[PDB]
Amino acid sequence: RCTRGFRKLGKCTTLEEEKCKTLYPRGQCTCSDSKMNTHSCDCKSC
Amino acid sequence: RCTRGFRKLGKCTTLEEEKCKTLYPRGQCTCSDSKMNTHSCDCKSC
Amino acid sequence: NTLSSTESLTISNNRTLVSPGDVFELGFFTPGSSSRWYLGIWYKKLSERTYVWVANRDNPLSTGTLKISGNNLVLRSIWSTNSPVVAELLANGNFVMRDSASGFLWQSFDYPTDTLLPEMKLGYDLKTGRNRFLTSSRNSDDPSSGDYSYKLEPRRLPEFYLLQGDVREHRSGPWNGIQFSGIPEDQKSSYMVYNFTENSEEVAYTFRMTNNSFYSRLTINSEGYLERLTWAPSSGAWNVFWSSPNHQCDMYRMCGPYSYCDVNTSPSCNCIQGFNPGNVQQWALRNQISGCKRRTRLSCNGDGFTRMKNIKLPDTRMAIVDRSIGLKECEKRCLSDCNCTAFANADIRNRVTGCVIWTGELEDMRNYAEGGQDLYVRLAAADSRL
Amino acid sequence: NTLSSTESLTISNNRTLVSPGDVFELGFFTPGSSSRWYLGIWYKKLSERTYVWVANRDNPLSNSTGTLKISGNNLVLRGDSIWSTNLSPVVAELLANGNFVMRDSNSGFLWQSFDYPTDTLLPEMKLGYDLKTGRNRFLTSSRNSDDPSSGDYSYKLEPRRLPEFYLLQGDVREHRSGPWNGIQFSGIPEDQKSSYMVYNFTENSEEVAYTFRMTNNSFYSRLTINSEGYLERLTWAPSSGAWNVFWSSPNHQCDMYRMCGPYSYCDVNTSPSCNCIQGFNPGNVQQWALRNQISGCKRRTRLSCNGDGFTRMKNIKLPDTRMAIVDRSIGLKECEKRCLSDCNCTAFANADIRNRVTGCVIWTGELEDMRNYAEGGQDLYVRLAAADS
Ligand SMILES: *[C@@H]1O[C@H](CO)[C@@H](O)[C@H](O)[C@H]1NC(C)=O
Ligand SMILES: *[C@@H]1O[C@H](CO)[C@@H](O)[C@H](O)[C@H]1NC(C)=O
Ligand SMILES: *[C@@H]1O[C@H](CO)[C@@H](O)[C@H](O)[C@H]1NC(C)=O
Ligand SMILES: *[C@@H]1O[C@H](CO)[C@@H](O)[C@H](O)[C@H]1NC(C)=O
Ligand SMILES: *[C@@H]1O[C@H](CO)[C@@H](O)[C@H](O)[C@H]1NC(C)=O
């Protein structure tokens, strides 16, 4: 359970996918498109 | 270019498709799934 | 005997159990052109099939039957429940395995799909370790598992999360005695009452009908919205009574730490009083993930509090509860702990109001024009006058 | 010559046109796993490709071969015909602002990409109706970020007497801009205090169109309808190296078209969303009790035409303008009289919200697709029986 992340207006981009990688220095962090035209950066590993 | 129609909360159901036709049974009414967990009833021909 | 099954067997040909009182019915079914077969329960008395339970949602069965095999219900083994034991379907849609007291050996209620009926339990059991949560179906004609779940998080102050996979999309907030801010029940409903049970063996949400001319349920639909659908006799369709989430301010951490989302402002995000935007360039472009930083450093003793009104309490990961003390003591206790960042009441309506304390960052907050709660937020003495 | 194309050809092997200013660049490109080739414009200084125009968005170049040359009076693009404009010495010139125009080498462009948009509204570009040609310039979304082919949403002006924009999925109206009040559309929520851009809606003899202009050119901004059907203003500032979604539309169910029924308005602060206009009551009370509000509301007292009055709504998105008439030469007191004098008039409102300017809008029929706001919006005067006023 890695809890760092954030949410933003708009769709996931490749630059935002690189930004998800800043949350932890280890682990698997990616961008997920979501409802109401938001996306989030979250980490499945850290 | 038909006019009346309506929007509801939730997804389209079969019962919702039917209540769509009783708007203008002459015209072609259909239930459309939309964003923000809404669907709309809209009739094309008129 | 027409709701129970013993030595007998139920083939896809063609017996169906039926609950005492006509409401529910167990059997086989194939949805759409799928040519797939599933064991499930539905509302018997409704022309359009509304399924409330399914035994093998992701082990799809033109032959397949289930009866009792030793001390277990097996389905052929496509699915099985690991003396004379009878499987029975009660008046509330729960499909039971008992001996011929409610010392059941297995419930369908303990294994929900996408729907919570009255008297079903949304939450977990500490004795058994089982967490009962909703998982969406893939779509209306495919009951296999979708990408969305609605699950109680076991913690000192439990709250629900709506997940897409493992991604948190939305958070209910904690129980306050009456409700979760993100399960927006009608508190003056004439046919329903709601309950949150929290004790040393189970913590779970449940609702119950005050009038059984209505049907009502909670389903998390294929696009990952939790809704209450009510069937009134005055209609031949399920009406969506409420839907959640229904604003971007309800999306998990729409805002940054120490700010709250506000549906009546542009921009939506607002610093808590005494805090400033963490990254001023980002905020000017309306990128508010930075949240807010306190403008005056804390001094621990002699710190003070600003009161937020009409708020959804922040994420409860790092919250501790003490229901035995009141607000004055709660403040005293928050002050003494240098890492306490905020405190709130535990239950407004009790004479002992209880104490909730947060350490760490205040996350995922929004306010409301009416309702919500108070949150006392720690400030340096100067700013505490705000 | 960096910038124009003449008797020459432009092919994937390998020349491109760049703009005086280095902001845009026209050439070929192909995205993602696909082997499909396209011609278009993009920002040159941006390492992530942001495309602002595509000639053959729905006619991909099949193999790896294709050519864009002038051929008489037309710009052509071939692959060994896939696309072409249709129509002295002619030159294809890419302007500073990103517009690829066809010129007489001797303003009065023969053709321009600005008139054939894809999913993006650039600064100085025009969203709306050109009266000279009879063409409606509107945005159409792409299928996704990887595929510039035509998606399922558009944002298009309805150029009525009081015009407004509709967001469509196919032909279904999903969202509606509201009319122009003098400084804004409620559904295009610009920052009226922007340091670096200004906005205009032009309604005259040549066009009916929205447009914005950059006021400091170290900024890039655009309007784009994304592949899920949201209209967004995305801004690129010098500071960060990303596009920032500055606003999104629609953003709430109370922005979806007719989320509430007639004579009711949607509110983000209430449960349920829909609220009767004062003097009105739910039209199907058993539905409203289940929170089905498609019925909207009906008025309590019957109208008399003579001696009728008005209830004031404030902070409202003005209702759908299909049955609306605007006379900008008269003020609000005379608008009331004119509305009173015709019993079909269900409501009236100011035409222009700036101070000392004025006008009068009058509705007949049901008031539709309304919602309020805690700040902004405008006044709407709804006709009521004198008892209920
Ligand atoms: C059920 O909920 C009601 C709330 O109206 C509460 O008064 C009652 O004590 C609850 N009982 C149980 C057993 O959950
Ligand atoms: C049950 O509902 C019906 C209709 O909604 C109502 O007439 C009846 O009074 C209700 N029962 C009770 C005990 O109130
Ligand atoms: C553009 O908008 C500004 C601000 O309202 C105004 O000063 C100017 O007259 C407008 N331009 C045109 C051509 O209307
Ligand atoms: C344009 O904006 C940038 C960023 O704020 C600023 O540094 C620069 O001075 C501005 N240029 C002009 C000409 O105003
Ligand atoms: C009101 O509507 C009717 C509909 O036919 C029309 O005949 C009548 O002229 C309208 N009233 C006025 C003042 O035009």
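Our subject is the structure listed above.
About the criteria used
Residues numbered from 1 in each chain as written, not as in the entry; some residues may be left out. Chains lettered and ligands numbered in written order. Heavy atoms only, no water. Residues with missing side-chain atoms left out of burial classes, pairs and counts. Helix = DSSP H or I, 4+ residues; strand = E, 2+ residues; numbered from the N terminus. Buried < 20%, exposed > 50% of the residue type's maximum accessible area, 1.4 Å probe, protein only. Contact = heavy atoms within 4.5 Å. Areas by Shrake-Rupley, 256 points an atom, 1.4 Å probe, with all protein chains shown as cover. Salt bridge = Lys/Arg side-chain N within 4 Å of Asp/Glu carboxyl O. Buried area = accessible area lost by both parts, 1.4 Å probe. Near = heavy atom within 4 Å. Polar contact = N/O pair within 3.5 Å; in protein donor to acceptor, adjacent residues only side chain to side chain. Core = buried A, V, L, I, M, F, W, Y, C linked by side-chain atoms within 4.5 Å. Domains from an automatic or database assignment. Pairing = 2+ DSSP bridges. Axes fitted to C-alpha atoms, helices over the stretch in contact; angles between N-to-C directions. Nonpolar A, V, L, I, M, F, W, Y, C, P; charged D, E, K, R; others polar. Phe/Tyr/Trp six-rings, centres within 6.5 Å; stacked < 30°, edge-to-face > 60°. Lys NZ or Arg CZ within 6 Å of the ring centre and 35° of its normal. Disulfide = S-S within 2.5 Å.

A.B. asks: So what's going on with the overall build of chain D? Which residues, and what values?
C.D. replies: Across its full length, chain D holds 2 helices and 34 strands. With respect to the principal axes defined by its C-alpha atoms, chain D has extents near 80 × 45 × 40 Å.

A.B. asks: Tell me about the overall build of chain A, and please be specific about residues and values.
C.D. replies: Across its full length, chain A holds 1 helix and 3 strands. Over its C-alpha atoms, taken along the principal directions, chain A stretches across nearly 30 × 20 × 10 Å. For chain A, buried positions account for 54% of its 46 residues. Counting contacts in chain A only where the partners sit at least 6 residues apart, residues at least 24 apart contribute 35% of the total. For chain A, the accessible surface area stands at approximately 2,200 Å², while carbon and sulfur atoms represent 50% of it.

A.B. asks: Requested: an account of the pattern of salt bridges, with residues and values cited.
C.D. replies: All names here are of chain D. Inspection of every chain in the model, using the stated rule, returns 53 salt bridges over all chains. Its salt-bridge partner being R176, residue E164 comes within 2.8 Å of it at the nearest N-O pair. Taken as a pair, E164 in strand β18 (residues 164–169) and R176 in strand β19 (residues 172–176) lie far apart in primary sequence, 12 residues in all. This pair shows no difference in class: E164 is buried, exactly as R176 is. A salt bridge links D308 to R383; the shortest N-O distance between them is 3.1 Å. Of the two residues, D308 sits in the loop between β28 (297–299) and β29 (309–316) while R383 sits in strand β34 (residues 378–384), which places them 75 residues apart along the sequence. Across this residue pair, the class does not change: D308 and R383 are buried.

A.B. asks: I'd love a proper account of the interface of chain A and chain C, names of residues and values included.
C.D. replies: Contact residues are listed per partner, giving 17 residues for chain A and 21 residues for chain C. For the chain A and chain C pair, buried surface summed over both sides reaches about 1,700 Å², with 52% attributable to carbon and sulfur atoms. Among the residues of chain A in contact with chain C, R7, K35 and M36 of chain A are the three that bury the most area, contributing 44% of the side total. On the surface where chain A and chain C come into contact, there are 3 salt bridges.

A.B. asks: Quick one: what's the story with the site of ligand 4, residue by residue and with numbers?
C.D. replies: Residues and elements named next belong to chain D. Close contacts around ligand 4 come from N216, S218 and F219, and that covers them all. In the environment of ligand 4, an oxygen atom lies 2.3 Å from a nitrogen or oxygen atom belonging to the side chain of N216. In the model, an oxygen atom of ligand 4 is placed 3.4 Å from a nitrogen or oxygen of the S218 side chain. Relative to its unbound accessible surface of 370 Å², ligand 4 loses 24% to contact with the protein.

A.B. asks: Now, about the nonpolar core: what can you tell me, with residues and values included?
C.D. replies: Counting residues in each nonpolar core, the largest one holds 59 residues, and the members touching the most others are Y43, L68, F100, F165 and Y210 of chain D. If you count residues domain by domain, this core takes at least three from each of domain 1 (1–118) and domain 2 (119–251) of chain D. Listed in part, the 58 residues of the second largest apolar core include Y43, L46, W175 and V240 of chain C.

A.B. asks: An account of the sheet that holds strand β2 (residues 29–34) of chain B is needed here, citing residue identities and associated values.
C.D. replies: Strand pairing in a sheet relies on backbone hydrogen bonds, with the paired strands running either antiparallel or parallel. Residues and elements named next belong to chain B. Across the sheet, which stays open at both edges, the 3 strands sit in the order β1-β3-β2 with antiparallel pairing between neighbours. Across the chains shown, the open sheet's two edge strands, defined by having one partner strand only, are β1 (5–9) and β2. Between one strand and the next, the sheet's axes are offset by a mean angle of 20°, whatever the strand orientation. Bridge count for β1 against strand β3 (residues 38–43) is 5 bridges, and the pairing is antiparallel. Of the residues in β3, the one forming a bridge with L9 is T38. Packed onto the sheet, helix α1 (residues 14–21) meets β1, β2 and β3 and runs at close to 135° relative to β2.

A.B. asks: How would you explain the interface of chain C and chain D if you had to name every residue and give the values?
C.D. replies: Between chain C and chain D, the contact holds 20 residues from the first and 19 residues from the second. Counting only elements with at least two residues in the side of chain C that touches chain D, the list comes to β23 (239–244) and α1 (280–284) of chain C. Here the element with the most residues in the side of chain C that touches chain D is β23 of chain C; it accounts for 4 residues. When its residues are assigned to classes, the side of chain C that touches chain D shows 9 nonpolar, 9 polar and 2 charged.

A.B. asks: An account of the sheet that holds strand β33 (residues 373–379) of chain C is requested, with residue identities and associated values reported.
C.D. replies: Residue and element names in this part refer to chain C. Here 5 strands make up an open sheet; going across it, the order is β28-β33-β30-β31-β29 and the pairing antiparallel. Single-partner strands in this sheet number two, and they are β28 (304–311) and β29 (319–322). Looking at each pair of strands side by side, their axes are set apart by 25° on average, direction ignored.

A.B. asks: Lay out the packing of aromatic side chains in plain terms, naming residues and giving numbers.
C.D. replies: According to the stated counting rule, one finds 51 aromatic pairs over all chains in the structure shown. Centroid distance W175 of chain C to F180 of chain C: 4.8 Å. Interplanar angle 65°. Geometry classified as edge-to-face. There is no split in this pair, since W175 of chain C and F180 of chain C are both buried. Within the aromatic cluster, the residues linked to one another by ring pairs are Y150, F160, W175, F180, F196 and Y205 of chain C. The ring of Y161 of chain C is capped by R168 of chain C, whose NZ or CZ atom sits 3.8 Å from the centre of that ring. Of note, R222 of chain D hangs over the ring of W243 of chain D, and the distance from its end group to the ring centre comes to 4.1 Å.

A.B. asks: Please set out the state of the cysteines residue by residue, giving values where relevant.
C.D. replies: All names here are of chain B. Tallied over the full model, the rule gives 20 disulfides over all chains. Between the sulfur atoms of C12 and its disulfide mate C31 the distance is 2.1 Å. Looking down the S-S bond of the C12 and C31 bridge, the torsion is -105°, so its handedness is left-handed. Highlighted residues: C12 in the loop between β1 and α1 and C31 in strand β2, separated in sequence by 19 residues. Under the relative-accessibility criterion, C12 is labelled buried at 18%. Disulfides within chain D link the bonded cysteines, taken in sequence order, as 1-3, 2-4, 5-6, 7-10, 8-12, 9-11. With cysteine numbering restricted to those in disulfides and following the sequence, chain A has the pairing 1-8, 2-5, 3-6, 4-7.

A.B. asks: Give a description of the environment of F6 of chain A that names residues and reports values.
C.D. replies: Residue placement: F6 of chain A occurs in strand β1 (residues 5–9). Apart from residues no more than four positions distant in its own chain, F6 of chain A is found in contact with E16, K19, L23, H39, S40 and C41 of chain A together with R253 and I289 of chain C.

A.B. asks: I'd like a description of unusual backbone geometry, backed by residues and values.
C.D. replies: The amide bond that connects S249 of chain D to the next residue, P250 of chain D, takes the cis arrangement and shows omega of -5°. In this model, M36 of chain B sits at a positive phi of 60°, which is unusual for a non-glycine residue. In this structure, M36 of chain B sits in the loop between β2 and β3.

A.B. asks: Explain the pairing of strand β5 (residues 38–43) of chain D to me, and be specific about the residues and the numbers.
C.D. replies: Residues and elements named next belong to chain D. Across the 6 residues that make up β5, a large majority, 6, are buried. Side chains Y38, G40 and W42 of β5 all project onto a buried face; the interleaved residues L39, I41 and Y43 project onto the opposite face, where all are buried too. By the bridge criterion, 6 bridges tie strand β4 (residues 24–29) to β5 in an arrangement that is antiparallel. The residue bridging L26 from the neighbouring strand is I41, located in β5.

A.B. asks: Let's hear about the side chain of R228 of chain C: which residues, and what values?
C.D. replies: Residue and element names in this part refer to chain C. In this structure, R228 sits in strand β22 (residues 226–231). Exposure remark for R228: the relative accessible area of 0% places this residue in the buried category. Each residue touching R228, except ones within four places of it in the same chain, is listed here: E185, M192, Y194, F207, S216, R217, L218, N239, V240, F241 and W242.

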